[PDB]
Amino acid sequence: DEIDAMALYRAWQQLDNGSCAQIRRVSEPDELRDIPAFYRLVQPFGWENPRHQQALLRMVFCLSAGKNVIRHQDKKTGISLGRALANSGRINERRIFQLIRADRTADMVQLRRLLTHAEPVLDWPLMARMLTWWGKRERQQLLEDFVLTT
Amino acid sequence: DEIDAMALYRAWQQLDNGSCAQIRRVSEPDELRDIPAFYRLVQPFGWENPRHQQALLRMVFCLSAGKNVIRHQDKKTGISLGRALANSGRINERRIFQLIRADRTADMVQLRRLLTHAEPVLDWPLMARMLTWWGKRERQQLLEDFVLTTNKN
Amino acid sequence: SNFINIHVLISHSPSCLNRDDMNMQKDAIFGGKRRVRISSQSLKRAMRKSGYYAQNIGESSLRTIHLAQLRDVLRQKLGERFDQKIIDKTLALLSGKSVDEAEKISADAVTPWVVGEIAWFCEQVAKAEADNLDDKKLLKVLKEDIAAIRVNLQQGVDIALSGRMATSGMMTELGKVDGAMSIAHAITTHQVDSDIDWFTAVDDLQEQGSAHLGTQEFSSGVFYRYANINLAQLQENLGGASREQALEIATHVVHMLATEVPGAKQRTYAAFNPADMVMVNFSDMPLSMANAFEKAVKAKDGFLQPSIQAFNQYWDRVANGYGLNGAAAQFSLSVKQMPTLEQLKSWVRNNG
Amino acid sequence: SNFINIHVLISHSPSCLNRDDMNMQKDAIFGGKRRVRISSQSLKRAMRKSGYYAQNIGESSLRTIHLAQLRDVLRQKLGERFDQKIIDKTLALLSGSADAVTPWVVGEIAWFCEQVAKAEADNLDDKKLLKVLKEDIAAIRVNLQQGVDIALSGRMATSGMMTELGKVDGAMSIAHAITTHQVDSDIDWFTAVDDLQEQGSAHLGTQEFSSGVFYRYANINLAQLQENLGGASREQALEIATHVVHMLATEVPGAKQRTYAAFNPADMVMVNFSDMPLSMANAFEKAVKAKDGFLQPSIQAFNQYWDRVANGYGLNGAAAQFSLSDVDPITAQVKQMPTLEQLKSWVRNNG
Amino acid sequence: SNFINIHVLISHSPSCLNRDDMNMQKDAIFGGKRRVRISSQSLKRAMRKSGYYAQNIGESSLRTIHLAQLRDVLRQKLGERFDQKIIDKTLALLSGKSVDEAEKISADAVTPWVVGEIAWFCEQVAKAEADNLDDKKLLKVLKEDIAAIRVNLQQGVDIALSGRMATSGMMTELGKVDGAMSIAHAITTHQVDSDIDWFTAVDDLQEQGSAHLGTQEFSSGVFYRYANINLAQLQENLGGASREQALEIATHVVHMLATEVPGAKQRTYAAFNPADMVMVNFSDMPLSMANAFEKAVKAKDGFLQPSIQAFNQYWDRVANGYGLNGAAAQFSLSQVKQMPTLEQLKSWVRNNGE
RNA sequence: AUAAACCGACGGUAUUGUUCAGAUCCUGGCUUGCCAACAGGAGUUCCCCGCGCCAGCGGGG
DNA sequence: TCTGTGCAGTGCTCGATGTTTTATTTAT
DNA sequence: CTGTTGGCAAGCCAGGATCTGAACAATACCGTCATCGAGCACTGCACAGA
């Protein structure tokens, strides 16, 4: 019923260099629909069910920043994305505002740019849960977590 | 304002051996506009309306790959073209790309050869709709169904 | 007809004409779709600060909250007409604040000021204390002929058009102005998903990479501008001006609404586009055409042609349904038809 | 039928038409989702203070009330509590062949009768009475020259009405207007540039605003209208009702309109007669989803709702509809009007 | 007239003249269709870094955020004219940052500097030192004559053209420049679906397959370039220059807008194409002809010919639509004075459009 | 005619100025589309008309 | 045949003043 | 008047690194308790006598 976030994280990690490069050169989440390697990656995670499609597009597009940009770290809730971006000490607060205010597709593009810069260490299944809904509530909590960390 | 795909499928299957043979002989869809038997077939399907005729050219040209090539079936969504080509197991992924990357008229020629090669069991009205809106969305879903079905096996 | 409705369709090339606290394009939801927006206050300030306004209307008002700085301006400007003492008391009575020599004296809020209007007031103040007339009774006297005060707004027309409020001083009683012009926020006739410019700043002392990497929102858009002018209110706000005077001012607004574009980001995006359609209509009740684009316009050889077409179709629907027959004229580059904007403006000048 | 139901769907461009004590747009929860709201009192005042109202209601022919013509019926109405001596003395000092009489007129005069009856008993008259009742007399004299306004909208917030019969309700009832769809409001972040300040602005602020397809509902009590007009005719009442239909379609509250200018007329107007007045708000209880705008799906949802419940709700009766749109129409039981004026005439002619 | 509008249609062969962080071509939606884009900042740097600029205008500005590196450059260039202590103090007063011997001193942001301008400030700081004039009082008195400062922007004309921002130092009072040149992002007059080049890198020590595979987005396009020059602002930014010098500078911008092309990917795509059409007109009001291509130009024996058609057609509609009678001249390879050569157009501009 | 009735939350307001994404790169090697074939059969053509041997020949539509 | 100073008569705006308020502050 | 069929559709291997992501200034005011008596206004009041 729910996407196995760690399984997908592992699948992306041990992906062959070819399939990985084909996914990484995508410039926005919807372009993943043109990549055969993308479909094979997310098929065992419920892609053919339309319920999961928008979530899987966000998850994989965030991962597509690189195999080594998002480092999963186990809980001791676990490190949220907002706290993780602040933990890097590289991201200006203004860029977080611009992220949480952005509309569709543009938000994912800006997020991935932030992930590239920040190289966050976080709780990946927790971030995936956030990417699944990605409502106005999740976006405000992102900004507030970032601010509460700094 | 939609073409009765199943009726056209039946009209082709019942068509006399001489007329349909004149149609198959064609090498590219635009050449169908010079064959008398063609208008004879697509007349009760609104060839008069300019919007329908470009789709009708594509639909007949695919139907003209053979008469027994496209075995229509009934839904138990219904089998798409992408699923059907992958179900045959005769088509490799690079040939699918050569379809969705092909330019005007070249695409229909490639599709024709693919139908002949695969001889697919599919939902014809479903395919007819794809040929009507033969756009970027149709190419993309075509590749999707093919890759997923192939990967499943 | 007391109202002059003004309708503009103007298309801009990629730009960022109006942005918010995070430097992102202003927008609005209309018909369930995001439209790029230019605020009415941005439009009004672009017009009042323009060369055309200066040449054809006069001096824009002085809007400030810093009375100590204002004090010094009036002393330099009204010095050869009044003594410094009178100038100080005048500002003090009007603002309700103690005007001394303090470095910082602040009003209640930002307030538009007209020098010519202040000049008129200090005359009264001088004559008041000369006739040994105190301030409480001075106010009582001045409240009896507000029209004589409003004649000074011919030196500050943007106040007559856009209004003024005050919560302290005699301006509370004497300077209450209900603007004659109503104006909407410019919105795009269509849905916009804004573009993002990824830029760098190359450092001449840094050989590896750039010193700054950033993003900037921008987009194109066909905008609908709407405004109307209450002629009777404009006459009252100018101390009892004639209809010809009001009509000529309205005509300049028409011109500015068709040609004036906010300056923001124009040095690096240069969207200096004039309107492609202007429509003026006299009416008894204000009529906006915005619902021509409630269903967002789909592109069809551009957004401009289908926007103008959507405007025309909805205009007919309203006119036919509500039986409207006020005078109307239309200028376009793509109802009386006007080949040029100038002919359109003569039309308005001549009461339609 | 006794009730005229008026249904309006009107689309507004980005605006802030009605706000509260935090300057936030007024709203309401309907069907569990937030709708932007324009209050009853705001909408009604926009009508009552409009120019159209002042000309067609404020300057009506039935406007004036003559105490002279009302002497007979007043003489028998108050004749059991008062005798003709006081009743006629009162009737003349207030002013200085009528069949019926407006209820508040009887009640307010009856109060004046109580005062002069107590004035004779306490043995004071001349100016002393006209000094004590100076403001009271001035009050009723003003009200006697605003009879249609009082019958339609009810008494003013300051009227000088004295009795319980003087608590005059409006014959028209205006509901709160709410959007047919859910709304998340926008925010305008604004500056105020100081002409004497170098760095930055002198003020910063925010203003909440939004668009919205609103549903306006109003009903008119005909018998109440007639009865409060001294016994006017159905035709005269239907003439007043025609003006309400016009105002509910065209009048918009002035708030924020100088800077947002949402001067939009209604795209759909429908009138229907019934014995039991009903709002059709539940057409939008399930919030309308946008499909090429909110307006078309709203009219569509209004039409589909009428087709479903009108019969069972007893909304048989005369029904007409005006629309700027070519959306698939309601049941043929509703007569389509191509212009607003044709709709209004249909109302004058009793349907 | 105060404004000189410059319009350029320029056709490029397949290339990638301006790209983003994903190596994708910069684009923009206009008329509801994708236009390939070359940003205004790319054009501006291409011009100020060009050989033509260096030969005809002078040295471009020094733009940096690194004050410690700048400190060393200034200590060397002005070392023979001023003591090291006043060179440092000057930079510190301008930047609002402390200048010591530290290896890393950052400004608030990338800042345009003119060495001659800093040299001028050194003379003022030195004089204030000799008169025991307060730093706060030096700022006050220098603030009373901005024009004297702006004379030094003749050694940095690209600043007078494109402006300068300041958030710290005396520059917030003394160094604010409103740019005289407005310039748009270049966009194609037509819709574009960009091509993708799938490339390999053959490894000479690897027999099986290539060592790297990749992709590069590219496309051709007919671009519209727009820019205008506020002649009054240019004269003021140069400390009170004449119209002649302002026109001389404006003419150089005309030349560059017609010939200068961003160097990006040109080593492997070589889209070295000059302009096919240059239009220049004087006006009282800035005017862009972009809406000539709001409706995307469709191909008809090329995009270039229908683009010039759409340009001329819309130009005529606006000219009499708004009654625009300002001087105008036109040069192309394929009332408005026609010019056979770019050089004749340029002399026309120098002569105030006469 | 219901804590009801009558019943505005109102008025003023640029988010601004600065900025290359850039340097390097074969998609490449192999491959019949091929075997059989008279364009012949079949006088409907619905009229007006003129001359016949009654078989059939003509001119107008 | 209209109008003038005294009212009586009061409709007010004027100002000082009765009382009384504070509670919090992540997660790492 | 009459137009066909079989048999068949490939595999290997390969997708990079460097380095960089801003600062300043500014966020308003009024009214929607009440008390008392005084000093000072509209405002009609007849008239007496002009």
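Proteins get letters first, then strands, A, B, ... in listed order; numbering begins at 1 in each. In what follows, every heavy atom counts, from backbone to side chain, and hydrogens, waters and symmetry copies are set aside.
Judged by Watson-Crick or G-U wobble contacts below 3.5 Å, the nucleotide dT1(G) has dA50(H) as its partner. For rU45(F), there is no paired base (Watson-Crick or G-U wobble, both distances below 3.5 Å). Nucleotide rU2(F): unpaired (no Watson-Crick or G-U wobble partner with both distances less than 3.5 Å). Base-pair partner of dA14(H): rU27(F) (Watson-Crick or G-U wobble, both distances under 3.5 Å). Pairing partner, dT24(G): none, since no Watson-Crick or wobble contact has both distances short of 3.5 Å. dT2(H): Watson-Crick or G-U partner is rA39(F), with both key distances under 3.5 Å. The base-pairing partner of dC14(G), taking Watson-Crick or G-U wobble contacts with both distances under 3.5 Å, is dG37(H).
In this structure, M22(D) atom CE and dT27(H) atom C1' are separated by 14 Å, rounded to whole Å. We find that CD of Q207(D) is positioned 17 Å from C1' of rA14(F), with the value rounded to whole Å. Put simply, CG on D16(B) is 16 Å from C1' on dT4(H), counting in whole angstrom units. Taking atom CE on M165(C) and atom P on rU13(F), their separation rounds to 11 Å, with Å as the unit. One interatomic measurement links the two molecules: CD of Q266(E) to P of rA21(F), which rounds to 15 Å at whole-angstrom precision. One can place CG of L130(D) at 13 Å from P of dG44(H), the figure rounded to the nearest angstrom. Between the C1' atom of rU16(F) and the CG atom of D195(D) lies a distance of 15 Å, rounded to the nearest Å. Atoms CG (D21(E)) and P (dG21(H)) sit 15 Å apart, rounded to a whole Å.
Under 3.5 Å, the side chains of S64(B) and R24(B) contain no donor-acceptor pair of N or O atoms. In this structure, a donor-acceptor pair under 3.5 Å is present between the side chains of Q41(E) and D197(C). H185(E) and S40(E) are linked by a side-chain donor-acceptor pair at a separation below 3.5 angstrom, with hydrogens and angles left out of the test. A donor-acceptor contact closer than 3.5 angstrom is absent between the side chains of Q22(B) and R25(B). Remark: the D158(E) side chain and the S61(E) side chain contain an N/O donor-acceptor pair separated by less than 3.5 Å.
Bases of consecutive nucleotides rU31(F) and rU32(F) are unstacked, their six-membered rings not being centred less than 5.5 Å apart at a plane angle below 30°. Using a cut-off of 5.5 angstrom for ring-centre distance and 30 degrees for interplanar angle, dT24(G) is classed as stacked on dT25(G).
Straight-line distance between the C1' atoms of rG56(F) and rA42(F): roughly 22 Å, to the nearest whole Å. The separation of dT24(G) from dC24(H), taken at their P atoms, amounts to 34 Å, rounded to a whole angstrom. Rounded to the nearest Å, the gap between the P atom of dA23(G) and that of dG31(H) is 27 Å. Taking atom P in both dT21(G) and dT35(H), the straight-line distance is 23 Å, to the nearest Å. Comparing the same atom, P, in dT26(G) and in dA26(H) gives a spacing of 29 Å after rounding to whole Å. Between the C1' atoms of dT43(H) and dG6(G), the separation comes to 15 Å (whole Å). For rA39(F) and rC57(F), the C1' atoms lie 33 Å apart once the distance is rounded to whole Å. Between the P atoms of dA28(H) and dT25(G), the separation comes to 26 Å (whole Å).
For a distance-only test at 3.5 Å, the side chain of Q41(C) fails to qualify as a donor-acceptor partner of the base of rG12(F). Judged by distance alone with a 3.5 Å cut-off, no donor-acceptor contact links the side chain of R164(E) to the base of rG17(F). For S159(D) against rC6(F), no side-chain N or O and base N or O form a donor-acceptor pair under 3.5 Å. Applying the 3.5 Å distance criterion, the base of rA14(F) shares no donor-acceptor pair with the side chain of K44(C). Donor-acceptor pairing under 3.5 Å, judged by distance alone, is absent between the side chain of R267(E) and the base of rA23(F). Between the side chain of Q208(E) and the base of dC12(H), a donor-acceptor pair under 3.5 Å is found. The base of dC24(H) lies outside donor-acceptor range of the side chain of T172(E), with no N or O pair under 3.5 Å.
With both distances required under 3.5 Å, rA14(F) does not pair with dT27(H) in Watson-Crick or G-U wobble fashion. Judged by the 3.5 Å cutoff on both pairing distances, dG11(G) and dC40(H) qualify as a Watson-Crick or G-U wobble pair. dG21(H) and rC20(F) make neither a Watson-Crick nor a G-U wobble pair with both donor-acceptor distances under 3.5 Å. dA9(H) and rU32(F) make neither a Watson-Crick nor a G-U wobble pair with both donor-acceptor distances under 3.5 Å.
Pucker check on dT32(H): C1'-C2'-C3'-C4' positive, sugar north.
Where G263(C) and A192(D) each meet RNA chain F at their nearest nucleotide, the meeting point lying more 5' is that of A192(D). Mapping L213(C) and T158(D) onto RNA chain F by nearest heavy atom places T158(D) at the nucleotide closer to the 5' end.
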side-chain hydrogen bond (donor to acceptor under 3.5 Å, both in side chains) between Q110(A) and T215(C), worked out: CA-CA 9 Å; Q110(A) 298 291 73; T215(C) 56; 3.2 Å; yes

Steps toward salt bridge (charged side-chain N to carboxylate O under 4.0 Å, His left out) verdict (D20(D), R37(D)): CA-CA 11 Å; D20(D) 63 9; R37(D) 194 178 105 245; over 6 Å; no

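Glycosidic conformation, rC20(F): syn, with the torsion inside 90° of 0. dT27(H) takes the syn form, because its glycosidic angle lies no more than 90° either side of 0.
Between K176(C) and the phosphate of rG11(F), there is no side-chain N or O to OP1/OP2 separation shorter than 4.0 Å. Listed pair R94(A) / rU15(F) fails the phosphate criterion, with no side-chain N or O lying under 4.0 Å from OP1 or OP2. The side chain of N92(B) contributes an N or O atom lying less than 4.0 Å from OP1 or OP2 of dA10(H). Side-chain N/O atoms of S39(E) include one lying less than 4.0 angstrom from OP1 or OP2 on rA21(F). Contact between the side-chain N/O atoms of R19(D) and the OP1/OP2 oxygens of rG11(F) is found at a separation under 4.0 Å. The phosphate of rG8(F) has neither OP1 nor OP2 within less than 4.0 Å of any side-chain N or O from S42(D). Dashed line: the shortest gap from a side-chain N or O of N18(C) to OP1 or OP2 of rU15(F) is under 4.0 Å.
Remark: the backbone N or O of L15(B) is paired with a side-chain donor or acceptor of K67(B) at under 3.5 angstrom. At least one donor-acceptor pair closer than 3.5 Å links the side chain of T64(C) to the backbone N or O of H66(C).
Residue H212(E) and nucleotide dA14(H) are not classified as a stacked aromatic pair, given the requirement of ring centres less than 5.5 Å apart at an interplanar angle below 30°.
The 12-atom threshold is not exceeded at NZ of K49(D), counting heavy atoms of other residues, nucleotides or ligands nearer than 6.0 Å.
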